[PDB]
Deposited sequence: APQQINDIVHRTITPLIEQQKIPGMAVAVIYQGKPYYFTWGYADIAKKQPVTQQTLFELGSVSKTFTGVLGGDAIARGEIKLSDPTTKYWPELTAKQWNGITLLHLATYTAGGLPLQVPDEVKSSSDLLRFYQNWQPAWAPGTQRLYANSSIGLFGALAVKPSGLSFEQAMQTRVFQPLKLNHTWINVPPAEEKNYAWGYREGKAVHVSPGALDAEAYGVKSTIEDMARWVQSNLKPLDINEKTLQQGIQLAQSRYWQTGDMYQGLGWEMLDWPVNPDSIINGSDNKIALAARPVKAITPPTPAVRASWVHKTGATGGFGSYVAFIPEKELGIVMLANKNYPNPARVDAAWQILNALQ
């Protein structure tokens, strides 16, 4: 890397690793449309396997950015509309609380208080129907935002219904393959297991457990190289040859709702750039319910934004942020779930220095 990039990254990340006791970390900086990679420590402590540019990390809730873009691509294809009732794609969802709940509400966590987690007891398609049928909203649709796997997860599942494809096949064919993300997986193949980092929770090696709507909400594993490519694709969607994918990326960075200084996209969240970390900061909170104002109609992707998404699984902590107007971005992947504020601080320190 240019020494400036080398220096800010190492001087920021080394102390972070030390203070958070992170076993293994990979970082990519995207600078004027080129990636620079950095790696530290261990993918597998017991087997002494180092983190490399090929190591797979669990993305946790950064997976939702892929779901949002896949949804955008389905909109661009004319397969679904965000204004469509949920019941259009799930006619068995007959309970009257669903009247007025649209795909937009599911995608943006504004359906009226869908829970953070789909319960463990929910496995089958029958169990899932019963869960959503029995759910009672605290609020009218489109009044409050409550971050929820059960919300964008259902959006993901319904968005692919018209295609006839499984969610995984849709994601592979319509997003991973066109973008050449050849080492990004919803299910890690046996051939790739050599590269799959262990996550660490209280010193114990752990991988994410299967769950209902996992693929849609938190199911992606990827390398630092592919995630750099994902950030490039989201920085510069006009470089993408596939027309509906190009439009889908754009739709996912549209601003649909505002709360405080933040705007909700599809998966992606955005603030106006410039911004300081304390406002970006503003999972220690298990549940934060926030009133939202509708942006009517949605503002197309603003180039002067800090666009970002935090992710966690039991054993992993990921962070991605980019600023389109500066052609600048960062991906931080770690095999420990360490505090979100420390991620934003480090990312901002790096990006502010290169900006």
Q | Gaps in the model, given as deposited-sequence positions counted from residue 1 | A | 283-285
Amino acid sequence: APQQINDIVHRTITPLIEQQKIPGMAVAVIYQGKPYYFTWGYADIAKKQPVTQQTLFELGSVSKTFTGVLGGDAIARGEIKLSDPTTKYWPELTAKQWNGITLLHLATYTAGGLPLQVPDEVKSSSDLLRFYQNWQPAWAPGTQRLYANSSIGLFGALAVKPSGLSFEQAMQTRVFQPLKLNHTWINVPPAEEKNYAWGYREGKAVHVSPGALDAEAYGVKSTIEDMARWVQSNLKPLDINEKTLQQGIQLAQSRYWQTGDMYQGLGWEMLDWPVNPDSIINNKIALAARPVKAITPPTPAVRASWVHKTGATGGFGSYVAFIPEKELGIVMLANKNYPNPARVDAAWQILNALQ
From here on, numbers count along this sequence of modelled residues.
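Basically, rigid core = biggest C-alpha set you can superpose within 1.5 Å across the two forms.
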Q) Looking at C-alpha RMS in 9 other deposited structures of this protein with the core superposed, is it 245-253 or 269-277 that drifts more? A) 269-277
Q) in 9 other deposited structures of this protein, superposed on the rigid core, which stretch sits farther off in Cα RMS terms, 47-55 or 287-295? A) 287-295
Q) Between 236-244 and 252-260, which has the larger average Cα B-factor in the PDB entry? A) 236-244
Q | Higher-B stretch (mean Cα B-factor, as the entry records it), 15-23 or 329-337 | A | 15-23
Q) From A46, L56, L59, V320, pick the one with the largest CA B-factor in the entry? A) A46
Q) Which one of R174, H105, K194, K81 shows the biggest C-alpha B-factor in the PDB entry? A) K194
Q | Where the record places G265 (Cα B-factor, split into thirds across the chain) | A | lowest
Q. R201's Cα B-factor: lowest, middle or highest third of the chain?
A. highest
Q: Among all modelled residues of this chain, ranked by Cα B factor, put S151 in the bottom, middle or top third, i.e. lowest, middle or highest.
A: lowest
Q: Would you check the entry's CA temperature factor for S279 and let me know if it's in the chain's lowest, middle or highest third?
A: highest
**Q.** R290 CA temperature factor, ranked by third within the chain
**A.** middle
